[PDB]
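First comes the structure, then the notes that go with it.
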Amino acid sequence: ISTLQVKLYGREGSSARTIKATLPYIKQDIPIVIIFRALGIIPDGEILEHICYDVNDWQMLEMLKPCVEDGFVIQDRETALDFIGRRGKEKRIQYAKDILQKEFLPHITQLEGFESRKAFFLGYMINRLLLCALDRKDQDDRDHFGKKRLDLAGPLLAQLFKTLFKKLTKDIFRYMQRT
Amino acid sequence: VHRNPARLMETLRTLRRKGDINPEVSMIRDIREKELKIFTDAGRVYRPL
Amino acid sequence: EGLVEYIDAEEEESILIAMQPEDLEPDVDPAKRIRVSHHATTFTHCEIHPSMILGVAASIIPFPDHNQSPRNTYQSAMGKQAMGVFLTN
Amino acid sequence: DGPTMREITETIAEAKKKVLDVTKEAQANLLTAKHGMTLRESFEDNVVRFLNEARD
Amino acid sequence: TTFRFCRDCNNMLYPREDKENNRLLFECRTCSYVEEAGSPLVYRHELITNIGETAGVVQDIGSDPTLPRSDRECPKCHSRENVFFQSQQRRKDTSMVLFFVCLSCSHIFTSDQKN
Amino acid sequence: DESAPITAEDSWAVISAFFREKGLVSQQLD
Amino acid sequence: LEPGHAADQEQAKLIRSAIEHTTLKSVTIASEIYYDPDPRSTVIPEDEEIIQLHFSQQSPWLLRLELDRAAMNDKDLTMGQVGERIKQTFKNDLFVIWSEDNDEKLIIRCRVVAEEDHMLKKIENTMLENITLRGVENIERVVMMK
Amino acid sequence: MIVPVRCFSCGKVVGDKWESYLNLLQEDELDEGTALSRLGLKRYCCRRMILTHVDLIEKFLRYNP
Amino acid sequence: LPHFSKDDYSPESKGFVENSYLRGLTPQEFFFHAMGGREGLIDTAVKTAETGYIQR
DNA sequence: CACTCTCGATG
RNA sequence: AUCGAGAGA
Ligand SMILES: [Zn+2]
Ligand SMILES: [Zn+2]
Ligand SMILES: [Zn+2]
């Protein structure tokens, strides 16, 4: 159960309106351009293509300019993963390249043959965020019952039994290694 | 994504109403937002209509 | 037979529900309650029955639509404290 | 009494009619907002006040 | 605004001034690409916008049961079959002007009587 | 006939079709 | 109000106009940054008359403000007030022109007196936030209640 | 439980009229009102006393102990 | 409610109850009045709590 | 930060 | 007696 947050720094009036993200047990927040370049999408525009699904929308792109200004330092994949790894010698890349598979958006895939999925999805989140920031769509209703779940006997007993059975198979592992 | 979503939505809805798709599965077609969200998630509170 | 459908709130967002089946039809009683005529046409669903918005405890309340809501709440609370046959055995 | 209920109903009626008029006015972009608040807030204030006056 | 990109890098190109000829040139800082500017307009900040008002208007909008239908006549093809909605721009200070979409010629026309 | 539209009283026949199959504690059992 | 003028609401309106805060951002439709090389001849055909009348060393980069005609009536202030406010704010390092109120386009033109293009933006930023046209700060709104 | 022997409010005996009531409902196929009338239950307290009663003992007898 | 069309600012849509307790409330009116009453109970418990602290 | 009865599993 | 839960005003 991981929680990804995409933060928009700089309120209405500030000039440093950059967009960063929070990755699982990684020290500091990472600029979104660095994330996209770490996923394989290196040049600009293509990132904006992954974010802004309408080239006519000049406002959204205008809002995306300082993000490009932010991630202008990193211009390739290797140094992007190197950046994330520096946060968290080449081992760090393999650390980084792991976080983008096992920890960064696990609900789509935890495999290794999927990078465009998480990239497009991240771009979708950016799109929603900016749509909310441009006053085109208001804040999400956190009291909406449709976006809530009721765990009954099933799921509860499922969690509990997963715990107890994992403890059991662990104990059995111990009795096994005892022999 | 998916172009011509109306046919897809009518097909899905027909499948659910026939039984081929589990009646508890929710299918939300957002026209103006151009999205199609299908939830097979458990714990969703629904009601007959 | 596709006569009834299961709808959660999320899908409920995208539909138009008729309150009563008499809202599909194209000098009055002053006693009866005032009901706004259907200004909506494109119905996709109709309520089985509005009284199904209530739970088990509030379904015991006679004429809850003639009460102040906190009284319905209070009655809903006190219904679980009434005596009587809880089980035959 | 009957006539009293009729007057009540017609009162709520003219109230809803007033709200309808204000709504149609606001939608026609002719609703001039009160100083220090939104056109929408002015509309809300007017409607709420009308319905309250109706109940009273 | 509508800015462009490089033909080789596809990276965003930043504006730069040609001094000796007094003209605007978009240059790329990833390679060496420099093109001429199409418009002198470089930056635009819009505090009061109209973009987003008529948003969400798709051809399938006629099949949205949640949308109300008025008795208005389309100013174009004179069809009384239409679907309206308030400004989709979720802002605290928007007008309550109605936006109508004709279900015959897909024409967008408002109820605004001032503009 | 049998193609006529439902009234409002025939609704409780459908509600009776419900509960007769589902019961009152359906979510628990399911 | 003053012990003298009590029933004179016409003065109360003046006091309200002198107390209620008013920022430049609160009356601005939009802002643009053009590249206008020749100061005495603007690319935009709408600002030709403006530079024609303001005739009777600079920067090629132009900062062009477009104001709200209806908002100028609500706050009850002229183009001269705004222009002279900006002028008094930036003094000598900002050449400022504007169109009279009688025109149908309330426009303000500003020029600075390498890397200059992304240096004017900050300026316009400070022109939107840190600028008080009239009234007192914090005083967000004022209502005449009798 | 079982049909109350006497009416709470007034005191009229009604415990001898339950079977007769059931018969009047099933044998003569009468409605509850007329059945209650023929049993001499004019006051609506006794009328209630029989009409409102639920004979739960008939289910209680389904157990063997 | 899913029984109304979108952008419906009419009185009956935003929770106006024309009917009286004698006449009986419609489903929509019932639910809206239930929302109001709910807010009532909530801020009642909140009130007795915060007052309970203030007094101490 | 804001008096009771009670139940029912725990040391 | 020590911790959670229901409920009374
Ligand atoms: Zn390039
Ligand atoms: Zn038309
Ligand atoms: Zn009696």
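Ordering of the structure tokens sets the chain letters (A, B, ...); residue numbers start at 1 within each chain; ligands are numbered from 1 in the order shown.
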
Would you mind listing, as a PDB file with N, CA and C atoms, in the first residue's frame, all residues of chain G that have at least one atom within 7 Å of chain E, where only C-alpha atoms are what counts?
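part11.pdb was written with the following content:
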ATOM      1  N   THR G  28      -7.201  43.934 -13.646  1.00  0.00           N
ATOM      2  CA  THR G  28      -6.472  43.565 -14.855  1.00  0.00           C
ATOM      3  C   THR G  28      -7.094  42.365 -15.561  1.00  0.00           C
ATOM      4  N   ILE G  29      -7.496  42.558 -16.815  1.00  0.00           N
ATOM      5  CA  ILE G  29      -7.976  41.454 -17.638  1.00  0.00           C
ATOM      6  C   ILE G  29      -6.837  40.484 -17.913  1.00  0.00           C
ATOM      7  N   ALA G  30      -5.751  40.999 -18.482  1.00  0.00           N
ATOM      8  CA  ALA G  30      -4.619  40.146 -18.831  1.00  0.00           C
ATOM      9  C   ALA G  30      -3.316  40.927 -18.925  1.00  0.00           C
ATOM     10  N   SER G  31      -2.205  40.199 -19.005  1.00  0.00           N
ATOM     11  CA  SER G  31      -0.899  40.813 -19.208  1.00  0.00           C
ATOM     12  C   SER G  31      -0.138  40.065 -20.294  1.00  0.00           C
ATOM     13  N   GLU G  32       0.612  40.806 -21.101  1.00  0.00           N
ATOM     14  CA  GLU G  32       1.363  40.216 -22.200  1.00  0.00           C
ATOM     15  C   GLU G  32       2.782  40.764 -22.261  1.00  0.00           C
ATOM     16  N   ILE G  33       3.686  39.997 -22.859  1.00  0.00           N
ATOM     17  CA  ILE G  33       5.043  40.471 -23.094  1.00  0.00           C
ATOM     18  C   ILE G  33       5.392  40.330 -24.569  1.00  0.00           C
ATOM     19  N   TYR G  34       5.385  41.456 -25.274  1.00  0.00           N
ATOM     20  CA  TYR G  34       5.693  41.476 -26.697  1.00  0.00           C
ATOM     21  C   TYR G  34       7.158  41.802 -26.937  1.00  0.00           C
ATOM     22  N   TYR G  35       7.630  41.526 -28.146  1.00  0.00           N
ATOM     23  CA  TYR G  35       8.925  42.029 -28.575  1.00  0.00           C
ATOM     24  C   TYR G  35       8.697  43.167 -29.559  1.00  0.00           C
ATOM     25  N   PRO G  37      10.485  46.215 -31.042  1.00  0.00           N
ATOM     26  CA  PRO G  37      11.788  46.862 -31.247  1.00  0.00           C
ATOM     27  C   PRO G  37      11.701  48.383 -31.289  1.00  0.00           C
TER      28      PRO G  37
END

Margin query: I need the chain E residues near chain I as an MDAnalysis selection string; criterion: at most 6 Å, counting only C-alpha atoms.
Written below: chainID E and resid 66:68

Next item on the list: Please determine the contact residues of chain C with respect to chain B at a cut-off of 10 Å, counting only C-alpha atoms, and supply them as a VMD selection string.
Entry: chain C and resid 1 to 15 17 to 18 44 to 49 52 to 53

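Nearest to ligand 1 of all the residues A:45, A:29, A:8, A:35 is A:45, based on only C-alpha atoms and all ligand atoms.
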
Neighbours of segment 4-8 of chain J within 8 Å (only C-alpha atoms (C1' of nucleotides); same-chain residues fewer than 5 positions away dropped), as a PDB file with N, CA, C and O atoms (P, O5', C5', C4', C3', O3' and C1' of nucleotides), in the first residue's frame?
ATOM      1  P     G K   6     -19.151   1.449  20.275  1.00  0.00           P
ATOM      2  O5'   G K   6     -20.500   1.050  21.024  1.00  0.00           O
ATOM      3  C5'   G K   6     -21.375   0.077  20.475  1.00  0.00           C
ATOM      4  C4'   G K   6     -22.472  -0.300  21.441  1.00  0.00           C
ATOM      5  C3'   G K   6     -23.356   0.834  21.936  1.00  0.00           C
ATOM      6  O3'   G K   6     -24.363   1.201  21.007  1.00  0.00           O
ATOM      7  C1'   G K   6     -22.708  -0.515  23.764  1.00  0.00           C
ATOM      8  P     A K   7     -24.794   2.741  20.840  1.00  0.00           P
ATOM      9  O5'   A K   7     -25.575   3.077  22.188  1.00  0.00           O
ATOM     10  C5'   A K   7     -26.796   2.426  22.505  1.00  0.00           C
ATOM     11  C4'   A K   7     -27.127   2.555  23.970  1.00  0.00           C
ATOM     12  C3'   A K   7     -27.403   3.963  24.476  1.00  0.00           C
ATOM     13  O3'   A K   7     -28.720   4.409  24.206  1.00  0.00           O
ATOM     14  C1'   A K   7     -25.881   2.907  25.927  1.00  0.00           C
ATOM     15  P     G K   8     -29.059   5.980  24.214  1.00  0.00           P
ATOM     16  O5'   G K   8     -29.281   6.318  25.754  1.00  0.00           O
ATOM     17  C5'   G K   8     -30.273   5.642  26.512  1.00  0.00           C
ATOM     18  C4'   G K   8     -30.159   5.963  27.981  1.00  0.00           C
ATOM     19  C3'   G K   8     -30.182   7.439  28.346  1.00  0.00           C
ATOM     20  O3'   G K   8     -31.498   7.964  28.403  1.00  0.00           O
ATOM     21  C1'   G K   8     -28.415   6.363  29.496  1.00  0.00           C
TER      22        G K   8
END

Check: Which value, in Å to one decimal, gives the distance between atom CA of residue 45 of chain G and atom CA of residue 97 of chain G?
Finding: 15.5 Å

For ligand 3, return the neighbouring residues as a PDB file with N, CA, C and O atoms, in the first residue's frame (distance at most 10 Å; only C-alpha atoms (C1' of nucleotides) and all ligand atoms).
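Dumped everything to selection_18.pdb:
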ATOM      1  N   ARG H   6     -58.301 -10.891  29.313  1.00  0.00           N
ATOM      2  CA  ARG H   6     -59.231  -9.770  29.377  1.00  0.00           C
ATOM      3  C   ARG H   6     -58.638  -8.512  28.755  1.00  0.00           C
ATOM      4  O   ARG H   6     -57.419  -8.350  28.695  1.00  0.00           O
ATOM      5  N   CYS H   7     -59.514  -7.631  28.283  1.00  0.00           N
ATOM      6  CA  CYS H   7     -59.099  -6.367  27.687  1.00  0.00           C
ATOM      7  C   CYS H   7     -58.486  -5.449  28.736  1.00  0.00           C
ATOM      8  O   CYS H   7     -59.095  -5.188  29.773  1.00  0.00           O
ATOM      9  N   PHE H   8     -57.278  -4.969  28.455  1.00  0.00           N
ATOM     10  CA  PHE H   8     -56.537  -4.103  29.366  1.00  0.00           C
ATOM     11  C   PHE H   8     -57.361  -2.909  29.841  1.00  0.00           C
ATOM     12  O   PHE H   8     -57.489  -2.670  31.040  1.00  0.00           O
ATOM     13  N   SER H   9     -57.930  -2.175  28.890  1.00  0.00           N
ATOM     14  CA  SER H   9     -58.576  -0.899  29.176  1.00  0.00           C
ATOM     15  C   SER H   9     -59.836  -1.010  30.036  1.00  0.00           C
ATOM     16  O   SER H   9     -59.896  -0.439  31.127  1.00  0.00           O
ATOM     17  N   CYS H  10     -60.839  -1.736  29.548  1.00  0.00           N
ATOM     18  CA  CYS H  10     -62.137  -1.786  30.219  1.00  0.00           C
ATOM     19  C   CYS H  10     -62.308  -3.010  31.119  1.00  0.00           C
ATOM     20  O   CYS H  10     -62.875  -2.911  32.207  1.00  0.00           O
ATOM     21  N   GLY H  11     -61.835  -4.164  30.659  1.00  0.00           N
ATOM     22  CA  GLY H  11     -61.887  -5.373  31.461  1.00  0.00           C
ATOM     23  C   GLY H  11     -62.785  -6.458  30.903  1.00  0.00           C
ATOM     24  O   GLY H  11     -62.990  -7.489  31.544  1.00  0.00           O
ATOM     25  N   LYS H  12     -63.325  -6.230  29.710  1.00  0.00           N
ATOM     26  CA  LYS H  12     -64.180  -7.215  29.059  1.00  0.00           C
ATOM     27  C   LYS H  12     -63.389  -8.474  28.713  1.00  0.00           C
ATOM     28  O   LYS H  12     -62.283  -8.390  28.181  1.00  0.00           O
ATOM     29  N   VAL H  13     -63.955  -9.637  29.023  1.00  0.00           N
ATOM     30  CA  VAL H  13     -63.304 -10.902  28.704  1.00  0.00           C
ATOM     31  C   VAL H  13     -63.181 -11.083  27.195  1.00  0.00           C
ATOM     32  O   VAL H  13     -64.157 -10.941  26.458  1.00  0.00           O
ATOM     33  N   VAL H  14     -61.972 -11.390  26.736  1.00  0.00           N
ATOM     34  CA  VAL H  14     -61.717 -11.563  25.311  1.00  0.00           C
ATOM     35  C   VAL H  14     -60.896 -12.820  25.035  1.00  0.00           C
ATOM     36  O   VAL H  14     -60.618 -13.148  23.882  1.00  0.00           O
ATOM     37  N   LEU H  41     -67.586  -7.123  20.341  1.00  0.00           N
ATOM     38  CA  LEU H  41     -66.494  -6.216  20.672  1.00  0.00           C
ATOM     39  C   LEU H  41     -66.715  -4.844  20.042  1.00  0.00           C
ATOM     40  O   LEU H  41     -66.056  -4.490  19.065  1.00  0.00           O
ATOM     41  N   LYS H  42     -67.639  -4.073  20.608  1.00  0.00           N
ATOM     42  CA  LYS H  42     -68.000  -2.780  20.035  1.00  0.00           C
ATOM     43  C   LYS H  42     -66.967  -1.696  20.348  1.00  0.00           C
ATOM     44  O   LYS H  42     -66.571  -0.943  19.458  1.00  0.00           O
ATOM     45  N   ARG H  43     -66.534  -1.615  21.602  1.00  0.00           N
ATOM     46  CA  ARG H  43     -65.523  -0.637  21.991  1.00  0.00           C
ATOM     47  C   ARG H  43     -64.195  -0.962  21.316  1.00  0.00           C
ATOM     48  O   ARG H  43     -63.784  -2.122  21.274  1.00  0.00           O
ATOM     49  N   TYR H  44     -63.525   0.057  20.788  1.00  0.00           N
ATOM     50  CA  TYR H  44     -62.339  -0.179  19.972  1.00  0.00           C
ATOM     51  C   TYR H  44     -61.116  -0.586  20.791  1.00  0.00           C
ATOM     52  O   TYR H  44     -60.084  -0.944  20.229  1.00  0.00           O
ATOM     53  N   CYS H  45     -61.231  -0.542  22.114  1.00  0.00           N
ATOM     54  CA  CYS H  45     -60.151  -1.017  22.970  1.00  0.00           C
ATOM     55  C   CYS H  45     -60.099  -2.543  22.968  1.00  0.00           C
ATOM     56  O   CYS H  45     -59.022  -3.134  22.890  1.00  0.00           O
ATOM     57  N   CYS H  46     -61.266  -3.178  23.048  1.00  0.00           N
ATOM     58  CA  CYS H  46     -61.363  -4.633  22.970  1.00  0.00           C
ATOM     59  C   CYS H  46     -61.148  -5.092  21.532  1.00  0.00           C
ATOM     60  O   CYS H  46     -60.458  -6.088  21.263  1.00  0.00           O
ATOM     61  N   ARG H  47     -61.768  -4.352  20.620  1.00  0.00           N
ATOM     62  CA  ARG H  47     -61.603  -4.541  19.187  1.00  0.00           C
ATOM     63  C   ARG H  47     -60.117  -4.610  18.849  1.00  0.00           C
ATOM     64  O   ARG H  47     -59.654  -5.540  18.182  1.00  0.00           O
ATOM     65  N   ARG H  48     -59.377  -3.623  19.344  1.00  0.00           N
ATOM     66  CA  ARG H  48     -57.923  -3.638  19.282  1.00  0.00           C
ATOM     67  C   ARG H  48     -57.364  -4.882  19.958  1.00  0.00           C
ATOM     68  O   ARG H  48     -56.541  -5.587  19.381  1.00  0.00           O
ATOM     69  N   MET H  49     -57.833  -5.146  21.175  1.00  0.00           N
ATOM     70  CA  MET H  49     -57.288  -6.212  22.011  1.00  0.00           C
ATOM     71  C   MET H  49     -57.191  -7.534  21.262  1.00  0.00           C
ATOM     72  O   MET H  49     -56.207  -8.262  21.402  1.00  0.00           O
ATOM     73  N   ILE H  50     -58.201  -7.832  20.452  1.00  0.00           N
ATOM     74  CA  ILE H  50     -58.179  -9.058  19.660  1.00  0.00           C
ATOM     75  C   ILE H  50     -57.496  -8.864  18.304  1.00  0.00           C
ATOM     76  O   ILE H  50     -56.670  -9.687  17.899  1.00  0.00           O
TER      77      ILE H  50
END

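Each residue with an atom within 12 Å of any atom of ligand 2 appears in the list, which was built counting only C-alpha atoms (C1' of nucleotides) and all ligand atoms: residues 72, 73, 74, 75, 76, 77, 78, 79, 80, 81, 82, 83, 100, 101, 102, 103, 104, 105, 106, 107, 108 and 109 of chain E.
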
Emit the selected residues as a tab-separated table (two decimals), in the first residue's frame, including C-alpha atoms.
chain	number	residue	atom	x	y	z
E	72	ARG	CA	-34.58	27.73	-26.84
E	73	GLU	CA	-34.33	28.07	-30.60
E	74	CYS	CA	-30.89	27.65	-32.16
E	75	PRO	CA	-29.86	30.95	-33.79
E	76	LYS	CA	-28.32	28.95	-36.65
E	77	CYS	CA	-30.45	26.04	-37.87
E	78	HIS	CA	-33.46	27.02	-35.73
E	79	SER	CA	-33.71	23.66	-33.98
E	80	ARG	CA	-35.41	23.64	-30.58
E	81	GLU	CA	-33.53	20.48	-29.66
E	82	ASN	CA	-30.64	21.59	-27.46
E	83	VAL	CA	-28.68	20.88	-24.29
E	100	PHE	CA	-26.51	26.06	-25.13
E	101	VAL	CA	-25.42	23.34	-27.54
E	102	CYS	CA	-27.71	22.60	-30.49
E	103	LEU	CA	-28.33	18.89	-31.00
E	104	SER	CA	-28.68	19.34	-34.77
E	105	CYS	CA	-25.75	21.44	-35.99
E	106	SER	CA	-23.60	21.29	-32.83
E	107	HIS	CA	-23.85	25.07	-32.48
E	108	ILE	CA	-22.79	26.75	-29.24
E	109	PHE	CA	-24.82	29.82	-28.27

Item checked: Near-segment 55-72 of chain C list (7 Å; only C-alpha atoms (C1' of nucleotides); drop same-chain fewer than 3 positions) as number ranges by chain -> C: 75-76, 79; I: 21-22, 24-25, 30, 33-34, 37

Check: Residues within 8 Å of ligand 1 (only C-alpha atoms (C1' of nucleotides) and all ligand atoms), as a ChimeraX atom specification?
Finding: /E:5-13,27-33

Go ahead and dump the residues you just picked, C-alpha atoms, as an mmCIF file, in the first residue's frame.
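Below is the file out-v5.cif, written as the result:
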data_model
loop_
_atom_site.group_PDB
_atom_site.id
_atom_site.type_symbol
_atom_site.label_atom_id
_atom_site.label_comp_id
_atom_site.auth_asym_id
_atom_site.auth_seq_id
_atom_site.Cartn_x
_atom_site.Cartn_y
_atom_site.Cartn_z
ATOM 1 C CA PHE E 5 9.843 23.097 -30.291
ATOM 2 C CA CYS E 6 13.083 22.054 -31.983
ATOM 3 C CA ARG E 7 12.956 19.893 -35.108
ATOM 4 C CA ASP E 8 15.912 17.805 -33.944
ATOM 5 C CA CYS E 9 15.709 17.755 -30.146
ATOM 6 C CA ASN E 10 11.957 18.346 -29.792
ATOM 7 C CA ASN E 11 12.965 20.151 -26.599
ATOM 8 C CA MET E 12 11.330 23.470 -25.744
ATOM 9 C CA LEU E 13 13.140 26.411 -27.332
ATOM 10 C CA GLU E 27 16.795 29.181 -29.904
ATOM 11 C CA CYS E 28 17.235 25.647 -28.577
ATOM 12 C CA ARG E 29 19.614 25.021 -25.676
ATOM 13 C CA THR E 30 20.126 21.319 -26.356
ATOM 14 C CA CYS E 31 21.753 21.549 -29.779
ATOM 15 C CA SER E 32 22.155 24.665 -31.930
ATOM 16 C CA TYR E 33 18.744 25.140 -33.552
#

Notebook entry, point to check: Among segment 11-91 of chain E, which ones does DSSP place in strand (DSSP E or B), written as a PyMOL selection string?
Noted result: chain E and resi 12+14-18+23-27+34-36+43-46+82-86

Pull out every residue of chain C sitting within 12 Å of chain K, counting only C-alpha atoms (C1' of nucleotides), and send them as a short mmCIF file (atom, residue, chain, number, x, y, z; two decimals) with N, CA and C atoms, in the first residue's frame.
data_model
loop_
_atom_site.label_atom_id
_atom_site.label_comp_id
_atom_site.auth_asym_id
_atom_site.auth_seq_id
_atom_site.Cartn_x
_atom_site.Cartn_y
_atom_site.Cartn_z
N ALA C 77 -32.94 5.39 17.36
CA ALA C 77 -32.08 5.00 18.48
C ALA C 77 -32.85 4.21 19.54
N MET C 78 -34.07 4.65 19.83
CA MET C 78 -34.85 4.06 20.92
C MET C 78 -35.57 2.77 20.53
N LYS C 80 -34.18 0.24 19.40
CA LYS C 80 -33.29 -0.85 19.78
C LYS C 80 -33.32 -1.09 21.29
N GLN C 81 -34.14 -0.32 21.99
CA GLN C 81 -34.25 -0.44 23.44
C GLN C 81 -35.63 -0.93 23.86
#

Notebook entry, point to check: Would you list which chain E residues are within 9 Å of chain D using only C-alpha atoms, as a PyMOL selection string?
Noted result: chain E and resi 86+92-98+110-115

Next item on the list: Within chain I, find each residue whose DSSP state, derived from the backbone, is helix (DSSP H, G or I), and express the selection as a PyMOL selection string.
Entry: chain I and resi 27-55

How would the residues just chosen look if you wrote them out with N, CA and C atoms as a short mmCIF file (atom, residue, chain, number, x, y, z; two decimals), in the first residue's frame?
data_model
loop_
_atom_site.label_atom_id
_atom_site.label_comp_id
_atom_site.auth_asym_id
_atom_site.auth_seq_id
_atom_site.Cartn_x
_atom_site.Cartn_y
_atom_site.Cartn_z
N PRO I 27 -39.83 12.71 -0.94
CA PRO I 27 -38.53 12.05 -0.79
C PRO I 27 -37.33 13.00 -0.83
N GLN I 28 -37.28 13.87 -1.83
CA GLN I 28 -36.19 14.84 -1.94
C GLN I 28 -36.16 15.75 -0.71
N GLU I 29 -37.32 16.32 -0.39
CA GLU I 29 -37.47 17.17 0.79
C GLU I 29 -37.09 16.42 2.06
N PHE I 30 -37.48 15.16 2.13
CA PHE I 30 -37.17 14.32 3.28
C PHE I 30 -35.67 14.18 3.45
N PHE I 31 -34.97 13.91 2.36
CA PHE I 31 -33.53 13.70 2.41
C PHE I 31 -32.78 14.99 2.74
N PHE I 32 -33.21 16.09 2.13
CA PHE I 32 -32.56 17.38 2.38
C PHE I 32 -32.76 17.83 3.83
N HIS I 33 -33.99 17.68 4.31
CA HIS I 33 -34.31 17.98 5.70
C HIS I 33 -33.52 17.05 6.63
N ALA I 34 -33.26 15.84 6.17
CA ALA I 34 -32.45 14.89 6.93
C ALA I 34 -31.01 15.37 7.00
N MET I 35 -30.53 15.98 5.92
CA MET I 35 -29.18 16.54 5.89
C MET I 35 -29.06 17.69 6.88
N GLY I 36 -30.02 18.60 6.82
CA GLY I 36 -30.07 19.72 7.74
C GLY I 36 -30.10 19.27 9.19
N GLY I 37 -31.04 18.38 9.50
CA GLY I 37 -31.17 17.83 10.84
C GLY I 37 -29.90 17.15 11.31
N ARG I 38 -29.25 16.44 10.40
CA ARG I 38 -27.98 15.79 10.70
C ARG I 38 -26.96 16.82 11.13
N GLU I 39 -26.83 17.89 10.35
CA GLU I 39 -25.92 18.98 10.71
C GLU I 39 -26.27 19.51 12.10
N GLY I 40 -27.57 19.58 12.37
CA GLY I 40 -28.07 20.01 13.67
C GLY I 40 -27.55 19.15 14.81
N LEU I 41 -27.71 17.84 14.70
CA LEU I 41 -27.25 16.91 15.73
C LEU I 41 -25.73 16.98 15.90
N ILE I 42 -25.02 17.03 14.77
CA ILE I 42 -23.57 17.12 14.79
C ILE I 42 -23.09 18.35 15.56
N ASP I 43 -23.54 19.52 15.14
CA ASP I 43 -23.09 20.75 15.78
C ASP I 43 -23.69 20.88 17.18
N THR I 44 -24.68 20.06 17.50
CA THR I 44 -25.22 20.00 18.85
C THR I 44 -24.24 19.29 19.77
N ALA I 45 -23.79 18.11 19.36
CA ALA I 45 -22.78 17.37 20.12
C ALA I 45 -21.49 18.19 20.23
N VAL I 46 -21.09 18.79 19.12
CA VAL I 46 -19.93 19.67 19.10
C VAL I 46 -20.11 20.82 20.09
N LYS I 47 -21.30 21.40 20.09
CA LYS I 47 -21.60 22.53 20.97
C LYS I 47 -21.50 22.15 22.44
N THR I 48 -22.12 21.03 22.81
CA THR I 48 -22.11 20.62 24.21
C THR I 48 -20.70 20.23 24.65
N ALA I 49 -19.89 19.74 23.70
CA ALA I 49 -18.51 19.39 24.01
C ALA I 49 -17.66 20.64 24.26
N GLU I 50 -17.61 21.53 23.27
CA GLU I 50 -16.79 22.73 23.36
C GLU I 50 -17.24 23.65 24.50
N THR I 51 -18.55 23.68 24.74
CA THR I 51 -19.07 24.42 25.88
C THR I 51 -18.63 23.76 27.18
N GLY I 52 -18.72 22.43 27.21
CA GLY I 52 -18.26 21.67 28.36
C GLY I 52 -16.82 21.99 28.72
N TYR I 53 -15.99 22.23 27.70
CA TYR I 53 -14.59 22.59 27.93
C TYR I 53 -14.45 24.05 28.37
N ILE I 54 -15.13 24.94 27.66
CA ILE I 54 -15.10 26.38 27.94
C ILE I 54 -15.48 26.68 29.39
N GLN I 55 -16.54 26.04 29.86
CA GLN I 55 -17.02 26.24 31.22
C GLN I 55 -15.96 25.83 32.24
#

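Taking atom CA of residue 24 of chain C and atom CA of residue 69 of chain E as the two end points, the separation is 16.5 Å.
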
With only C-alpha atoms (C1' of nucleotides) as the counted atoms, please give the residues lying no more than 8 Å from segment 3-16 of chain G, apart from itself and same-chain residues fewer than 4 positions off, as a compact mmCIF listing (two decimals) with C-alpha atoms, in the first residue's frame.
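The result, written out as result_11.txt:
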# COMPACT_ATOMS: atom_id res chain seq x y z
CA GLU G 20 -11.30 49.73 0.53
CA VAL G 142 -16.17 48.01 2.80
CA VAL G 143 -19.98 48.22 2.99
CA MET G 144 -22.14 51.32 3.49

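Atom pair atom CA of residue 57 of chain A / atom CA of residue 35 of chain B: separated by 18.8 Å.
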
For chain H versus chain C, which residues have an atom no more than 8 Å away, and what is each residue's nearest atom pair and distance in Å rounded to one decimal, using only C-alpha atoms, chain-then-number order, as CSV?
residue,atom,partner,partner_atom,distance
H:56,CA,C:88,CA,7.8
H:59,CA,C:88,CA,7.0
H:60,CA,C:88,CA,6.4

Per residue of chain F within 7 Å of chain C, which atom pair is closest and at what distance in Å (one decimal), using only C-alpha atoms, listed by chain and increasing number, as JSON lines?
{"residue": "F:6", "atom": "CA", "partner": "C:21", "partner_atom": "CA", "distance": 6.9}
{"residue": "F:7", "atom": "CA", "partner": "C:21", "partner_atom": "CA", "distance": 6.6}
{"residue": "F:8", "atom": "CA", "partner": "C:21", "partner_atom": "CA", "distance": 6.5}
{"residue": "F:11", "atom": "CA", "partner": "C:48", "partner_atom": "CA", "distance": 6.1}

Item checked: Check: which chain A residues lie within 12 Å of chain G using only C-alpha atoms, as a ChimeraX atom specification -> /A:12-16,65-66,69

Would you put the residues from that selection into a file with C-alpha atoms, as a JSON list (two decimals), in the first residue's frame?
[["chain", "number", "residue", "atom", "x", "y", "z"],
["A", 12, "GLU", "CA", -1.38, 31.94, -6.92],
["A", 13, "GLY", "CA", 1.06, 34.82, -7.33],
["A", 14, "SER", "CA", 4.37, 33.04, -6.80],
["A", 15, "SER", "CA", 6.80, 32.75, -9.73],
["A", 16, "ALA", "CA", 8.51, 29.49, -8.76],
["A", 65, "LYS", "CA", 7.28, 25.78, -18.65],
["A", 66, "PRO", "CA", 8.85, 26.18, -15.18],
["A", 69, "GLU", "CA", 13.12, 24.96, -16.46]]
